[PDB]
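The chains carry the letters A, B, C, D, E, F, G, H and I, assigned in the order they are written, with residues numbered from 1 in each.
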Amino acid sequence: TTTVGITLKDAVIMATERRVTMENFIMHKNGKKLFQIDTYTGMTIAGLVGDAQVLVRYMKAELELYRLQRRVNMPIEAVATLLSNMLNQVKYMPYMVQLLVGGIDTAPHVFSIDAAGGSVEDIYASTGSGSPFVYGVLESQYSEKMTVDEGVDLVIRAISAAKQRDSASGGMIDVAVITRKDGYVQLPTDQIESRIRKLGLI
Amino acid sequence: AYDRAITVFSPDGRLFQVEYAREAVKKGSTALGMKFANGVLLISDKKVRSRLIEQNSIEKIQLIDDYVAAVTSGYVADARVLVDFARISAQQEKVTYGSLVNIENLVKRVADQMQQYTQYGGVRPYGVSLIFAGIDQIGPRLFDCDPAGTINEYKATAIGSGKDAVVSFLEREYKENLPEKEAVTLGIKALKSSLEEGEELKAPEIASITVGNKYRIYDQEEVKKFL
Amino acid sequence: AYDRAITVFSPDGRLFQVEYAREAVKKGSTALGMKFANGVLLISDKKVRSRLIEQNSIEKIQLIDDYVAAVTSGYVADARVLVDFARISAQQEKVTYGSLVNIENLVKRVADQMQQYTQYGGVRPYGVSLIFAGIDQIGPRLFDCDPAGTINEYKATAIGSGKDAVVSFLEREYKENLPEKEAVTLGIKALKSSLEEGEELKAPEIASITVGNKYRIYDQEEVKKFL
Amino acid sequence: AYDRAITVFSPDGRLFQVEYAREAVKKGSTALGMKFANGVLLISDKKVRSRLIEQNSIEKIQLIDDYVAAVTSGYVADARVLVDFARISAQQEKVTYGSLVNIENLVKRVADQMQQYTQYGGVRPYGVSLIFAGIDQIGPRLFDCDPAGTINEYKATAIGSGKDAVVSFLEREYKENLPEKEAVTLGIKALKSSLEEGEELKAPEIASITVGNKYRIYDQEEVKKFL
Amino acid sequence: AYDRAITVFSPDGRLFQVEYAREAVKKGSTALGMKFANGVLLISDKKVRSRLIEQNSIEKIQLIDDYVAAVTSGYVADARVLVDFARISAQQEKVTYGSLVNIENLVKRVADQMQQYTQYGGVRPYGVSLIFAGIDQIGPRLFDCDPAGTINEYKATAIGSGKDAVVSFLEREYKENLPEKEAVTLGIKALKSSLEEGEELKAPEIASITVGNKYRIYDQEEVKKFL
Amino acid sequence: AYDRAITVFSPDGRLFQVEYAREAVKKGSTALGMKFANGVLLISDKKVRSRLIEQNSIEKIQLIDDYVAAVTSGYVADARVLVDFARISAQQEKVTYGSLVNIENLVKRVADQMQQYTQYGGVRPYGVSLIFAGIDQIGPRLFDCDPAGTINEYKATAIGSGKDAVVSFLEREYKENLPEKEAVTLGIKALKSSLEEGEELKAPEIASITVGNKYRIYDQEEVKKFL
Amino acid sequence: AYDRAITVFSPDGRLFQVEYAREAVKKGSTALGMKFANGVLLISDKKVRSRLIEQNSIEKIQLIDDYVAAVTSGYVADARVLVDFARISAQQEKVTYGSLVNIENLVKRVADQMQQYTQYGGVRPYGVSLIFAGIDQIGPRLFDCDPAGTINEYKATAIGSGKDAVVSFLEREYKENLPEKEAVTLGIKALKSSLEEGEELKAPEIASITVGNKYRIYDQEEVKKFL
Amino acid sequence: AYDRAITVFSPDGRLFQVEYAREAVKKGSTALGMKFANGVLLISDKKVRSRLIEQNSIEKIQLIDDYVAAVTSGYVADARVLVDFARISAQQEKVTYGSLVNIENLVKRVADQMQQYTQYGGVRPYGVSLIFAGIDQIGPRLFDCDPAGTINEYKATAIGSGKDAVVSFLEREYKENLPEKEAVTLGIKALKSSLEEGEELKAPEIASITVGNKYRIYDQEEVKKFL
Amino acid sequence: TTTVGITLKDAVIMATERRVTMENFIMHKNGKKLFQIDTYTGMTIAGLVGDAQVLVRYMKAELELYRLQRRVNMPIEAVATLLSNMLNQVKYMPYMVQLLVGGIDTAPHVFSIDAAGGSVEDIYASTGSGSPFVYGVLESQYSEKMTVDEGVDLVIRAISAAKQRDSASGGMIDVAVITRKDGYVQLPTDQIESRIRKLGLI
């Protein structure tokens, strides 16, 4: 499993792979690990599939209910704070998950939350078994001045490196771009396939 | 006698407290909803009582979710409680099944909650009438709810003080499968027909939804070019 | 006096609140059920009050499961609660034993629920009469339930305002082991005989079940070619 | 006054609600039981009110187990609840001790349940009279239970509207240690003596048990050759 | 007024419901108990109302254990509940301490149970009077209990309708340390003195206990040779 | 009006049910207590109503522990409950702290229990007046308790029907630091002064305690040589 | 009749106990709030009844947090309870989400609490009217709450005895987007216009908040240079 | 009507039971408290009703802790319960935070407890008025509490029957920042001014506290040299 | 993790570093470990991130609520006493944290609280894995007579020594100064960066 989320000047880019291991061995090649949970909020999931899917449904209900009562979207920091409280409340019977939350309320944010509810903001973050390989790519190539197109290429390259070195990761790459002007936009598979050919990652 | 608490039947078999709660509904604001071609709309009358009131909290159409809206009449405090119950009930179904397939079941859960307040002593019934409209897997729907808990489906219906005047107008002029522009025009005419001789219609709130899309709340300028 | 709350006996030994709940039943819609050769059928009258009501939510025959159906009279909100209770009770038996062997026990569980609401203070009795029909291991069955909780088995029975007129007709013309076509024809004639002098019968809902098969709801066209 | 709720004593020391529940018993069907040589029998009157009722659900003798039977009078819905309580209570004793030694203790548990409904507010008493008969370790037994909870043992007893007429007949003609054929013949004569001048006896239900065997329900033909 | 529920004091300071429960005691059967030399005896009157009643269930002396017996007057259903409570309370003491040292504490537990039913709303008081007799570590004991919960110790006492007649006789003829034969003879004479002018005494039940031995119930023949 | 249940204030601010409970106290037996030199004594009047009552259960001085005694007036059944509560409360303090330092706190716990029965609906107040006397770490103490829960300390006090007569006598003749022999003599004279003109004093019960020692109950012969 | 407890509807559909609670509001102190340019202010009248009262506990503007303030009218003890509930509710939102985004939801939680006290028996409604003002993510807000639970948003509003006089003045002189100095001057004039002919205005309390900053309570000298 | 239970509003908006509880306060003993230079004092009137009462339990100033004292008027049994609640509440704050910073919060907790007894049915309000005085982090404080739960701060205040007479005197003669000797002298004069024409002041109890020190209770001799 | 708090004549100085380790390895370089919880009160957190963040939100709510009801700030000793009760109540299912609380009610105080609720006052204290290195610097250089400027230099030097020797500590140094005259003042990053150059700690 490899998930990545980065921040740009007015954009948030999130991308994951699709390989799912269940009862050992590769039993699913096209799993879903990137979810839209609000108008300008996305979440990626790593860890146990059962716990992660339950949390995704919980956040979708809470954020939609919050929107109807407050007539405004939940701020990204409030989204991470709410998740932090839920995970810490059952820390001794915990969800075995690692989560990334990203979006734009007035500025782009990416939050990393662990199983015990520890939440911390960062310009970029990666989770899963393939994350350390991604951090190597981001440490040497990430720049806050990149354009959206350049940022999409970077996350594709970083995940491609993880797929070469992490056996638990694989499959087709899913990419979502979040901006105020376009909202939550999931990039078509044909565009990403074109990008990998142009980038040289086969 | 048989008019105080609910858990008394009248000798001829009526619940007076339920009937008395219906009188409180007749003193509420007038609202209506109509079905049209591939959609359903909600119209609620908004009258102004003072220039010191912030015009925006007069929201009379409450969105239960992105695809279901409701309008209420009667006691506003009781209505707000029921609307909150509907919103939580809608999210529980989405958590359990991943989607909302039939709006009628959501309305039934609300109606069950009001029914228990007419059978168990120690409480009074809700003095609220509700109209539910939206799009589900079967298509556009339109429902009503009364203080007793009665549920009916309609092509067009109205609640409030002017319910009789609006319903009588729809009994004579309503047509099915109309365009949204035509249906809103008919709705305004129906609502106008209820205003006490002399009073002029004031900019109401209109919300409509079509199959495939989400609910859309009419802007005040778009409402203005309908009167 | 002895007419307010239930947990009072009258000096001559009647529960007035139970009797008053029976008056609410007499104001409900008229329905009937008959046994025929290897089957049982349900007929419920559907009158129209306005052209603005969606004809489909007027479902008066509720399927408890694929082999048991019910029809109710009286307060529709109280009836809906009892129907939901029956559906959950039916599924609990299927979970426990893997099947439903006797319909009478399902009816008894519903009747027990209504009986406790006539003996424990703080609640009012259900103003609902029910008819249960279906196929079980012993064969076709037909039951009734009253607000007090009385249960009887019948070859033919009726509930509602026109119960006396329908029962009197069946008291004179009913025959056993009739074909389904003949039994439905007799049922329509029995129901027609109750309409207030002048009123014309309008397309009702008919549901029948035969041994081996499941419940079948008559389509509106098939109902039409019976009047 | 002192006639509404139970937890009031009358100035002269009566519970009117308990007495009013006794009036409901006087409106029930008439039943009787007699002891004979090494056995005990139960006789209950079954009158027909319509030809549309399935004759089989008119079961007036309920088997608590294979060796204990009961017959009830008064409110049928209250009686059904008490019969179910007795059946569960009988099985609990069998689970605890592996057998049922004394029927009187089973009757006492039923009577205790009815007694608490005459002392604790918020409930009304059961309007039911019961007769228990069967074989236990000590021999044939015959018991009665009233709405208050009074228990007595009898060689012969009756309940219902015709209780006075049957008891008076047994007060004059009853003999002990009769053969089952003779005892049933005397029972039919006793029951006949209660029918309103003019009415004819109709085929009743007879159940008898002898030491060593289980309860036997008389077939309709065997009952017929007794009238 | 001040006569309905218990948790009302009368202006002059009486509990009318407790007093009304005392009236129900005055309608019960007459029973008495006397102390004699190294023992105590219980006598209860048994009248026959019909030849159809099994003479054996008329047991009016209930053994709380092998060394304590009780007799009750008033409502038999309320009395049976209190007797069962005493039996369970007696066994709890034996489990805790391995023996029963003072009968008075067992009587106090019964009296405490009846006292709470005269102070807490929602219940009515027990309409029962009780007499307790037996042998404990201190010797022969004789106690009474009333619906309020008052407890007294006596050399001789009586309860029931004929309580005044029996007590007046014992007020004049009772002597201490009599032989059991003499004490039973005096008891029968005291009880006879209460029978309505004309009525004849019928074989009663007599139970006596002496220090060292257990309770002994008189056989019907031994009772007969006392009249 | 304002006289039924407690949780009603009267317009001028009285609790009538509490006042009505005070009337029940005025019908109880007369008792008194006095302080003397390094000690405190309790005197309670014992009248005889019949020679059939065992003289020993007339114990009117109840020992809460070896150093605290109590005497009660009013309803004996309510008084017995309060005495048992005091005994358990006294042992709880000994378990917690290893000793009982102040008697006043034990009295306050009893008074708190009676106060809650005058403020919470669903119960009636205790119709009991109590006097507490004993030796604690601070010295000899003497307390009273009323149905409302009022607590006062006294050099000498009385309760019951003859409370006014005894208190008036002590208002005129009481002296402090008297010898125990003199104090008992004064107490008997005070109690005698209350007997209805004509009635003669009968042997009462006297209990006294001195600093350092435990409570001592006067034998009947020692009481006799005081009259 | 229909005026005692809440869970009764009046025949024409009013809750008299809710209306009677509104009368208690009309006897409270007069307070008002106004919106101005990028801010909102609160003004409450403080009259002096004696020179022995410490002037500082007369705080009529309670800060729910650093950015939300409230003013109350009616029963001060009921108002204090509601203010404490609002403060705890505000901190719960901050713990859950890390911030408070919409003041309206905090007001709704308070209104929901008061609504349940008008529908569930056993309690009386709060006799309190409240005004909420502060800055949230959407901007300056101004709300009112009534005993029933009705919520409205305002550019300017008043509560208390002089509510009609202040509102009428604001109906004629109020202008939007005024400077804070001008808005406070208008508020004092509006409040003065309500004083009973003859009485002179006394130094009130004024609290204002602007976007970006926290709430500021006017010092007594700064208030003085406004009269 | 509207005067029985609390959870009824009067048509004009008063709680009669709360008002009736205020009448019970007017029948209590008269007490007062005054602020002086760097301190606060408490004065309570102690009248003698008999020479048989131990003078020491007449303690009318109860120390909540070493720095907070209270005086009560009205029902002494209700007052004792509230004083115990305050003492436990004070110790809970010390356990949680290690100190007591504001006395006003302790008074508010007591007032909240009394407020809930005027809003929840099934209980009656406390008929107690309280005055709280002491030293906290902010300085000397003086508070009052009423049966409804109203709280005010004062430079000088009084409660009880003579509250009007004492307050009127303090309205005319009270001065701030007086020496303790002068303030006590003024307090005695104020209290004397309330005695019914003819009655003479009797030695009262005086308690004072200064910043830095603890509460000091005046000895009877020091009180004597003030009259 | 390295946190330090010292007391001066009329001031309290608190400073922490920013390195956060999550799922092992340095995944965040700019974490937040120094919080203002009242007008004149600050708190530093060491240990599990999830438990620490929950406690910070709890203290902010409790202290603000206490201020509104009592119209006065909670005393610093009362702040430590309240924290001690909460931690000891769940000592067998405890928060895995070590806390420092500092501020001025009328005098400067610094309190150290462990996971079991043990609270003790000290003139200076340090927590975290880098704390023993800080204690060495403070043992040989701390003086109660230093000025505020000198005290700021000392905590910067002490944390810099810990960063050289403790791999779990690192990142930019955050410093807060609490006085009655200025309240709670967080020193700007530019000033601390200037100080390290002037001090010689690179």
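Side notes on the structure shown:
As a working rule, contacts are C-beta pairs under 8 Å (C-beta built on N, C-alpha and C of every residue); 3 or more make two chains touch, one makes a residue touch a chain.
The interface of A-G is repeated, with over half of its contact pairs matching by residue number, by H-I among A-B, G-I or H-I. The greatest centre-to-centre gap from chain C, using C-alpha centroids, is found for I. Looking at A-G and A-I, the interface holding more C-beta pairs in contact is that of A-I.
Mean C-alpha positions place chain A and chain B at a centre distance of 41 Å. Separation between the centroids of chain D and chain F, computed from CA atoms only, is 56 Å. If you average the CA atoms of chain E and of chain I, the two centres end up 80 Å from each other. The set of chain A residues touching two or more other chains comprises 69, 85.
Residue positions 6, 121-122 of chain B are each in touch with at least two other chains.
This structure has the following touching chain pairs: A-B, A-G, A-I, B-C, B-G, C-D, D-E, E-F, F-H, G-H, G-I, H-I.
Residue ranges on chain E touching chain F, taken from their complex, read 2, 6-14, 104, 108, 111-112, 114-115, 118-122, 142, 148-157, 167, 170-171, 174. By the touch rule above, chain G contacts chain I in their complex via residues 63-66, 87-88, 91-92, 94-95, 98.
Only residues 3-5, 16-17, 20-27, 50-54, 56-57, 75-78, 80-81, 84, 117, 121-125, 127 of chain H touch chain F when the two sit together in their complex. Against chain A, the residues of chain G that register as touching in their complex are 95-99, 101-102, 104-105, 108, 137-138.
Put simply, chain A touches chain G in their complex at residues 69-72, 74-75, 77-78, 81-82, 85.
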